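> here is my input; please provide its structure:
(8 chains, ligands or ions: 91)
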Amino acid sequence: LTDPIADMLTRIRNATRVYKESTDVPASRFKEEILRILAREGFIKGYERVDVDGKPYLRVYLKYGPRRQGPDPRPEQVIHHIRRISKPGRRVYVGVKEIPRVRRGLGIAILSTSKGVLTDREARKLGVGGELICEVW
Amino acid sequence: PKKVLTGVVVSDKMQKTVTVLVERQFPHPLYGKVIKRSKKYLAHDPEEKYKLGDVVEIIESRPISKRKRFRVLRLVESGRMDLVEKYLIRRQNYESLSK
Amino acid sequence: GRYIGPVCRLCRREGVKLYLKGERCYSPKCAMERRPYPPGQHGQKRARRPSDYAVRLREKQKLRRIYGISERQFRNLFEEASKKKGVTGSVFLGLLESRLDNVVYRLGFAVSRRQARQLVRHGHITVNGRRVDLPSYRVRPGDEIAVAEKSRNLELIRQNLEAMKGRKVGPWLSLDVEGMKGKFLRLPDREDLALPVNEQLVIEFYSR
Amino acid sequence: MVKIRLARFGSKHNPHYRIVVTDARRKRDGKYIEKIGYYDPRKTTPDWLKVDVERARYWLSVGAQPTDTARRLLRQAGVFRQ
Amino acid sequence: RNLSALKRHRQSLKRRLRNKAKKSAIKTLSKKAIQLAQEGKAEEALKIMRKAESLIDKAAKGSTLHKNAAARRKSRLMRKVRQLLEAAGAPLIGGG
Amino acid sequence: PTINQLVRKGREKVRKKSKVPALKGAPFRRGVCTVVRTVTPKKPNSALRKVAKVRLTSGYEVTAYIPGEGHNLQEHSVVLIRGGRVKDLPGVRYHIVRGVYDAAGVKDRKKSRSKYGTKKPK
RNA sequence: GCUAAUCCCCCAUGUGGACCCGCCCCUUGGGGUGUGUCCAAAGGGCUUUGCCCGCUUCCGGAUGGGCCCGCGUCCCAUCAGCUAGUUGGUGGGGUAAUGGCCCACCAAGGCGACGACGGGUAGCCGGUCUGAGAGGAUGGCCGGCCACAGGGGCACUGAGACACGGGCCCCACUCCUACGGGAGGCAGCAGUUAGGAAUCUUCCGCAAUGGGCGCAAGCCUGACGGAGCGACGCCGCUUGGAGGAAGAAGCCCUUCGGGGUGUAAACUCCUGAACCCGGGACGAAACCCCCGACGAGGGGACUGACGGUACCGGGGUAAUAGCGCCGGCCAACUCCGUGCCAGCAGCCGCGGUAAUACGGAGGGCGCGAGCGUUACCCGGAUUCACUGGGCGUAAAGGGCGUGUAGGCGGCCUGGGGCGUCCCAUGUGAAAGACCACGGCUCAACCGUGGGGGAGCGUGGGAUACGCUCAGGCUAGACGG
RNA sequence: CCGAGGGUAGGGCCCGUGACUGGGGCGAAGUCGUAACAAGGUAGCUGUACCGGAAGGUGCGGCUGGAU
Ligand code: SF4
Ligand SMILES: [Mg+2]
Ligand SMILES: [Mg+2]
Ligand SMILES: [Mg+2]
Ligand SMILES: [Mg+2]
Ligand SMILES: [Mg+2]
Ligand SMILES: [Mg+2]
Ligand SMILES: [Mg+2]
Ligand SMILES: [Mg+2]
Ligand SMILES: [Mg+2]
Ligand SMILES: [Mg+2]
Ligand SMILES: [Mg+2]
Ligand SMILES: [Mg+2]
Ligand SMILES: [Mg+2]
Ligand SMILES: [Mg+2]
Ligand SMILES: [Mg+2]
Ligand SMILES: [Mg+2]
Ligand SMILES: [Mg+2]
Ligand SMILES: [Mg+2]
Ligand SMILES: [Mg+2]
Ligand SMILES: [Mg+2]
Ligand SMILES: [Mg+2]
Ligand SMILES: [Mg+2]
Ligand SMILES: [Mg+2]
Ligand SMILES: [Mg+2]
Ligand SMILES: [Mg+2]
Ligand SMILES: [Mg+2]
Ligand SMILES: [Mg+2]
Ligand SMILES: [Mg+2]
Ligand SMILES: [Mg+2]
Ligand SMILES: [Mg+2]
Ligand SMILES: [Mg+2]
Ligand SMILES: [Mg+2]
Ligand SMILES: [Mg+2]
Ligand SMILES: [Mg+2]
Ligand SMILES: [Mg+2]
Ligand SMILES: [Mg+2]
Ligand SMILES: [Mg+2]
Ligand SMILES: [Mg+2]
Ligand SMILES: [Mg+2]
Ligand SMILES: [Mg+2]
Ligand SMILES: [Mg+2]
Ligand SMILES: [Mg+2]
Ligand SMILES: [Mg+2]
Ligand SMILES: [Mg+2]
Ligand SMILES: [Mg+2]
Ligand SMILES: [Mg+2]
Ligand SMILES: [Mg+2]
Ligand SMILES: [Mg+2]
Ligand SMILES: [Mg+2]
Ligand SMILES: [Mg+2]
Ligand SMILES: [Mg+2]
Ligand SMILES: [Mg+2]
Ligand SMILES: [Mg+2]
Ligand SMILES: [Mg+2]
Ligand SMILES: [Mg+2]
Ligand SMILES: [Mg+2]
Ligand SMILES: [Mg+2]
Ligand SMILES: [Mg+2]
Ligand SMILES: [Mg+2]
Ligand SMILES: [Mg+2]
Ligand SMILES: [Mg+2]
Ligand SMILES: [Mg+2]
Ligand SMILES: [Mg+2]
Ligand SMILES: [Mg+2]
Ligand SMILES: [Mg+2]
Ligand SMILES: [Mg+2]
Ligand SMILES: [Mg+2]
Ligand SMILES: [Mg+2]
Ligand SMILES: [Mg+2]
Ligand SMILES: [Mg+2]
Ligand SMILES: [Mg+2]
Ligand SMILES: [Mg+2]
Ligand SMILES: [Mg+2]
Ligand SMILES: [Mg+2]
Ligand SMILES: [Mg+2]
Ligand SMILES: [Mg+2]
Ligand SMILES: [Mg+2]
Ligand SMILES: [Mg+2]
Ligand SMILES: [Mg+2]
Ligand SMILES: [Mg+2]
Ligand SMILES: [Mg+2]
Ligand SMILES: [Mg+2]
Ligand SMILES: [Mg+2]
Ligand SMILES: [Mg+2]
Ligand SMILES: [Mg+2]
Ligand SMILES: [Mg+2]
Ligand SMILES: [Mg+2]
Ligand SMILES: [Mg+2]
Ligand SMILES: [Mg+2]
Ligand SMILES: [Mg+2]
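Residues are numbered from 1 along each chain as shown, chains lettered A, B, ... in the order given. Ligands and ions are numbered 1, 2, ... in the order given. Find the structure here:
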């Protein structure tokens, strides 16, 4: 496994697309800090540290919209979109002045900075930059 | 200031001179990724005290010879032959890239 | 220079009276009153559906034909508007308006912009005192647009000054007849002019 | 020596010099060492002359030599008032 | 077809004479003195060495030697003479 | 390709192949005609196209089109040429400029006259 | 053969400065000090026991430079190996100065897939052009650096040159001549010729800015300031304006009733480019002279190539329009002629007797002292794709393993802080560009002010992710 | 001594050109046949090999991208 982070985000996207209530990803005090952004910003209900076969995991509680009318009754997603930016193949770093506005504000860019994991909004607030972990909307 | 660089000694087969290999990273100007590039400096060692495997710092200095414009500033670590291997194995591999 | 030919065919092609003459524009001897179909052998033939391209060309040509201005000059203004702050469609109409010869025709000193040119060109006009005979002078707020003293006493300008006495003049202008002088109050809000131009279609012409 | 003089900018029949400190061996309109004011011989605006006077005294203090018709525009701005 | 650049060449030729002339002597003497100091012959070496040192600094007054050349020439003279005398010694006059 | 692959090999800016080499970077080039004659065009056309083989100041010898109805070109006719092939006569890649050197304009053109070096009439 | 000097030399004089040795600070050859040694000079002019311009040695400044280092700088790997002054060392030579820059000896090294060596192409930058941007393309004019001065080599003079209009030599070419001999170097401004698709007057002036010499008067200045030619470009302006028929003639169409050109013309009136007449600049106030003190300061005078031009006044004539296109893309349609011919053509395609596609015509569309064509650059081209593409069948998975370099890499904890991120500060010239204002009647053009940036140096700071060191783990992997 | 260059001798790369020659592209108004496309009238294609005026054929092995 070469990208624990992408692996997580993908475990989610994959789950969210068949409408699972939850899905578990292998635990990391960094992966957590990202989920701590994902829930706070209201993309997930939240997470809890559980265990599977003795091994530390993060069970992640997924969130969607109403049932819908039409021949396809499947609800809208709350996480419509989530994708790595920086990767191990190509680390992506931004100064504060060049942090992107995801989707006109309606989405976020989580970022690892030396003031911890922030959103665009949060980063610009404390006025620091860093590795741009990913984007969600 | 006088530019200072840190690197491994890869040759001591000269008298009063060592070859110090300095490495650096930098984002690719277009493709973003952090990439390494390295370069050998001939460093003045009047004392023949620096040896193969030494990780050292060298300081840009007034020219000593053609090609020698750095003196060894000071030792940093001893015995990194594992680096010297990296370099040497690459040179040795060159015998296979010919015709 | 400017167009200088049969001017009625213009209106006829545009399908709209543009008031390019002055007096005759208002009579029933107006071309568009007699033959409101396009000039030449084919105007009576049934029009076929104009292309999108067609449409925007026409709108631009019309706005341009009104001011009798050369296409280069038109263009240079429009660009000027695209660098200038705000809404380009506005500013463009505004900047088209702040031209001397238009202001002069706006303030009524002549019956046609065509006539209002030859007036500026023949040095019969002034701004803030000084004589100006450049039809393209970009007039700013505050500017006093007079008749030449030596030109005040002239038949044509008399007859044309007399026709202005109680005619009201755009919210962005003031006219002091007898005193033969007028004032550029501000740049025109779009509403302040009501030209048969969807100037939006113009921006769209130049974005191809 | 280092000199203080007029570099002609502007355009044809429309002079606009920059009183300027440059090396004597430069070309007229060349790289100057420092700009220190301007001069409009046609006098066509409220301030057709200006001089950083605190500066022009430094360059002088340290050996710059003004041209003739620069000396004047430095007198007229009273860099010489004792 | 004419100039005062001609004049300027005329003079160069003449300065050249005085220069070459001056530099010859300086070398002649330093060598003479280094030669003595090898087989030293202490007093005599030092005698000539002064005569060089004079001649060096004298050329340095003008365009012949740049003063640092003179410095450089002088330094290398003294270094040579002395260290030669150390295989035998001892310094008979001045100096120093 | 991976990002790495691109660090290693880069992307390749691809050059253009000029379609009028004989010009040698010139907008036009002078020449003399060797052969002046007619050529049959390819499917589905049919004609007797007028053509000159021209020897150039640029060392090259090419076939150039002679546009217009009728001309005055023969061997030794000095001619200016311009770029532009004639699609239906393969190998013809250049045009003779009428109205220049020994190539007359078209007698009696009224329309499109500049492209044919025919003067404004009475 | 003669004679002068700010020419040359000798001695004197030593604040100082140079050099060897010692010693103190400093730490590459920086500053100080003691002994020894060595080094200065030119006087000219006034109003003449006093000032001006010089001359000398030292120190600092300022400005201009030399050298050195990090990083950046195109195409071909069908160029993969290159290197004997080669890489290092010791001593010397040389220079302002380090250095294999040069030399002697010694050692056997230096470089290379992070692309050496080789070939090809190109002066580099500020910028310019395009592009939403990223990027691409480009380096003409202006500014900066470099390099060169018929092709080569060389040094001399000098603060500075290995010197475009200085010197030496060799070559190639041309010329002159009295036939013995000798001379040249426009890639300075003009100009000739050749080449070419193609690129200017053998103009005027030092009035202005600048430079050189001079105490100054001033002299020189093809730098420069201007004038000439050329729609080459951009910007500005003209060939008029108002009125004027249910609407002439001519010409085109026509179902022969009419439709078009067209308010277009005529004609009527108004203005008044050009032209004529008068006046007529800004650019020029310093230098100098006067008083004062040859300073500060006040006042006097000279001087304008452009140019009697711009411009101001008065008078005053209706006064150049051309080019492309009209099958679709693409805005603009009918008649005749032609009949797979003549021809058009950027792509698709038009023409074989009713062609909106050829040629002419009427009419129409687009621009207008321009319009078109050819060439080339970016664009459209997300068609080299970083932004921002792809590989079952469209072009595209290596025949398969094994493995070197490389690229990449699980969970937890600490140290370091390289990447990364923040702040401060220096640098980021000027012009250009962007925003504001202002001057030429506008504009173009031009001036003043403002706004920043990447990037790189320096100081400080942060530690999440990447890194690195250190210590744990067992989910990857390996083993029993 | 070094030294522009000159001379001698032998190498390397590149460009132009050459009797003749090999195929290639095109043209098309021709001769010969009909190899592929249908089970294309012998399923096709294929690497190799031998062979034949020519498309091609046959052997060996492979693929189905083969009709029934
Ligand atoms: S409006 Fe005036 S211009 Fe337009 S047609 Fe009627 S008359 Fe002619
Ligand atoms: Mg990305
Ligand atoms: Mg050395
Ligand atoms: Mg109106
Ligand atoms: Mg529309
Ligand atoms: Mg705008
Ligand atoms: Mg209106
Ligand atoms: Mg556009
Ligand atoms: Mg002289
Ligand atoms: Mg001798
Ligand atoms: Mg010298
Ligand atoms: Mg000296
Ligand atoms: Mg055909
Ligand atoms: Mg020829
Ligand atoms: Mg045509
Ligand atoms: Mg005497
Ligand atoms: Mg003495
Ligand atoms: Mg040797
Ligand atoms: Mg040495
Ligand atoms: Mg020197
Ligand atoms: Mg060497
Ligand atoms: Mg490298
Ligand atoms: Mg390569
Ligand atoms: Mg070459
Ligand atoms: Mg070149
Ligand atoms: Mg684009
Ligand atoms: Mg270039
Ligand atoms: Mg160019
Ligand atoms: Mg330049
Ligand atoms: Mg040379
Ligand atoms: Mg030369
Ligand atoms: Mg030449
Ligand atoms: Mg020469
Ligand atoms: Mg010279
Ligand atoms: Mg020379
Ligand atoms: Mg040189
Ligand atoms: Mg020079
Ligand atoms: Mg010359
Ligand atoms: Mg004789
Ligand atoms: Mg001779
Ligand atoms: Mg001559
Ligand atoms: Mg010329
Ligand atoms: Mg010619
Ligand atoms: Mg010129
Ligand atoms: Mg002068
Ligand atoms: Mg002067
Ligand atoms: Mg002087
Ligand atoms: Mg002259
Ligand atoms: Mg009628
Ligand atoms: Mg009618
Ligand atoms: Mg009629
Ligand atoms: Mg009319
Ligand atoms: Mg004046
Ligand atoms: Mg067109
Ligand atoms: Mg178009
Ligand atoms: Mg159409
Ligand atoms: Mg015919
Ligand atoms: Mg017909
Ligand atoms: Mg067509
Ligand atoms: Mg036609
Ligand atoms: Mg124009
Ligand atoms: Mg293109
Ligand atoms: Mg487009
Ligand atoms: Mg692109
Ligand atoms: Mg991509
Ligand atoms: Mg594709
Ligand atoms: Mg496979
Ligand atoms: Mg293989
Ligand atoms: Mg590995
Ligand atoms: Mg790693
Ligand atoms: Mg890790
Ligand atoms: Mg760090
Ligand atoms: Mg900065
Ligand atoms: Mg700037
Ligand atoms: Mg900006
Ligand atoms: Mg203004
Ligand atoms: Mg500015
Ligand atoms: Mg840590
Ligand atoms: Mg570990
Ligand atoms: Mg396991
Ligand atoms: Mg030799
Ligand atoms: Mg040789
Ligand atoms: Mg020779
Ligand atoms: Mg052949
Ligand atoms: Mg078969
Ligand atoms: Mg068959
Ligand atoms: Mg078959
Ligand atoms: Mg077979
Ligand atoms: Mg046979
Ligand atoms: Mg057989
Ligand atoms: Mg098989």
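> what does chain F have sitting close to chain A?
Residues of chain F lying close to chain A (C-beta under 8 Å from any C-beta of the partner chain) are F:2-4. Heads up, the C-betas are built off the backbone N, CA and C, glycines and all.
> tell me the residues of chain C that contact chain A?
Residues of chain C lying near chain A (C-beta under 8 Å from any C-beta): none found.
> chain C against chain B: which residues are in contact?
Counting by C-beta under 8 Å from any C-beta, no residue of chain C is near chain B.
> how does chain C divide into domains?
With domains defined by CATH domains of a matching chain, chain C comprises C:1-96+C:194-208, C:97-193.
> okay, those domains, which one's buried deepest?
Highest mean neighbour count among these (mean count of other C-beta atoms under 10 Å in any protein chain shown): domain C:97-193, with a mean of 17.
> near ligand 1 at all, that domain?
No - using C-beta under 6 Å from any ligand atom, domain C:97-193 stays clear of ligand 1, coming no nearer than 8.3 Å.
> residue B:55 and RNA strand G, how far apart?
10 Å (C-beta to the nearest atom of the strand, to the nearest Å).
> adding distance to residue E:27, write the domains of chain C out as a markdown table.
Below are the domains of chain C laid out as a markdown table (distance: least, C-beta to C-beta, whole Å):
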| stretch | distance to residue E:27 |
| --- | --- |
| domain C:1-96+C:194-208 | 75 |
| domain C:97-193 | 81 |
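> among these, which is nearest residue A:80?
domain C:1-96+C:194-208 (31.5 Å; C-beta to C-beta).
> burial of residue F:40, as a residue count?
11 (other C-beta atoms under 10 Å in any protein chain shown).
> so what's it up against?
The neighbours of residue F:40, taking C-beta atoms under 8 Å, 6 or more residues apart in numbering or on different chains as the test, are F:46-49.
> quick check, nearest of those residues to RNA strand H?
RNA strand H lies nearest to residue F:46 out of the contacts of residue F:40, by C-beta to the nearest atom of the strand, at 8.1 Å.
> assign the closest one to helix, strand or coil.
At residue F:46 the chain is in coil, as set by DSSP: H, G, I helix; E, B strand; the rest coil.
> leaving out the residues flanking it, which one is nearest to it?
Spatially, and ignoring its direct neighbours in sequence, residue F:46 is nearest to residue F:40 (7.4 Å; C-beta to C-beta, 6 or more residues apart in numbering or on different chains).
> what about the one you found, distance to RNA strand H?
6 Å.
> and residue C:106, by the same measure?
Counting by C-beta to the nearest atom of the strand - residue C:106 and RNA strand H are separated by 67 Å.
> get me the contact residues on chain A for RNA strand G.
A:1-4, A:26-31, A:33, A:54-56, A:86, A:88-89, A:91, A:93-97, A:112-117, A:127-131 (C-beta under 7 Å from any atom of the strand).
> show me what contacts residue C:12?
Contacts of residue C:12 by C-beta under 8 Å, 6+ apart are C:31-32, C:35-39, C:43.
> make that residue C:127, sorry
Neighbouring residues of residue C:127 by C-beta under 8 Å, 6+ apart: C:100, C:137, C:139, C:143-146.
> give me the number of residues near the residue in chain B positioned nearest to ligand 13?
Per C-beta to the ion, residue B:30 is where chain B lies closest to ligand 13, at 51.1 Å. Residue B:30: 10 surrounding residues under other C-beta under 10 Å.
> need phi/psi at residue 9.
Just going to use chain A. Backbone dihedrals for residue A:9, given as degrees, to the nearest 10, come out at phi -50, psi -30.
> if you could check chain D rather than the one you did, that'd help
Residue D:9 adopts backbone torsions of phi -110, psi -150, taken as degrees, to the nearest 10.
> residues contacting the residue nearest to it when sequence neighbours are not counted?
Spatial nearest neighbour of residue D:9, excluding adjacent residues (C-beta to C-beta, 6+ apart): residue D:16 at 5.1 Å. With contact set as C-beta under 8 Å, 6+ apart, residue D:16 has these partners: D:8-10, D:38-40.
> quick check on the residues you listed: which are buried?
The neighbour-count test (16 or more other C-beta atoms under 10 Å in any protein chain shown) marks D:38-40 as buried among those.
> mind putting those in a markdown table, distance to residue C:108 and secondary structure included?
Putting the buried ones among the contacts of residue D:16 into a markdown table (distance: C-beta to C-beta, whole Å; DSSP: H, G, I helix; E, B strand; the rest coil) gives the following:
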| residue | distance to residue C:108 | secondary structure |
| --- | --- | --- |
| D:38 | 45 | strand |
| D:39 | 47 | strand |
| D:40 | 41 | coil |
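> the spatially most central residue of chain C and chain A, how far apart?
By C-alpha atoms, centre = their mean, chain C has its centre lying nearest to residue C:67, at 3.8 Å. Going from residue C:67 to chain A by C-beta to the nearest C-beta, to the nearest Å gives 39 Å.
> swap in residue B:59?
30 Å.
> longest helix of chain C?
helix C:52-67 (DSSP state H).
> the helix or strand following that one vs helix C:52-67, what angle?
The helix or strand immediately downstream of helix C:52-67 is helix C:71-83, counting by DSSP states H and E. Helix C:71-83 and helix C:52-67 are oriented at 100 degrees to each other (axes from the mean of the first three to the mean of the last three C-alpha atoms, to 10 degrees).
> which strands and helices sit next to the helix or strand following helix C:71-83?
Using DSSP H and E, the helix or strand that follows helix C:71-83 in sequence is helix C:88-97. Counting contacts by 3 or more C-beta pairs under 8 Å, 6 or more residues apart in numbering or on different chains; DSSP states H and E, helix C:88-97 packs against helix C:71-83, helix C:100-106, helix C:199-205.
> what's the first one in contact with?
So the one you mean is helix C:71-83. The contact list for helix C:71-83 (C-beta under 8 Å, 6+ apart) reads C:60, C:64, C:67, C:88, C:91-92, C:95-96, C:136, C:202-203, C:206.
> return the distance of stretch D:41-60 from the chain's centre.
7 Å (C-alpha atoms, centre = their mean, to the nearest Å).
> contacts (any at all) between chain B and the helix or strand containing residue A:110?
Using DSSP H and E, residue A:110 maps to strand A:108-113. No - Strand A:108-113 stays clear of chain B (C-beta under 8 Å from any C-beta), getting no nearer than 15.5 Å.
> closest one to chain B out of the contacts of helix C:71-83, please.
residue C:206 (33.4 Å; C-beta to the nearest C-beta).
> for the closest one, which non-adjacent residue is closest in space?
Distance criterion C-beta to C-beta, 6+ apart; nearest residue to residue C:206, sequence neighbours excluded, is residue C:78 at 6.0 Å.
> helices of the chain, start to end?
If you meant another chain, say so; for now it's chain A. Under DSSP H, chain A gives helices at A:4-16, A:29-38, A:120-126.
> not quite, I wanted chain F
Listed in chain order, the helices of chain F (DSSP H) span F:3-9.
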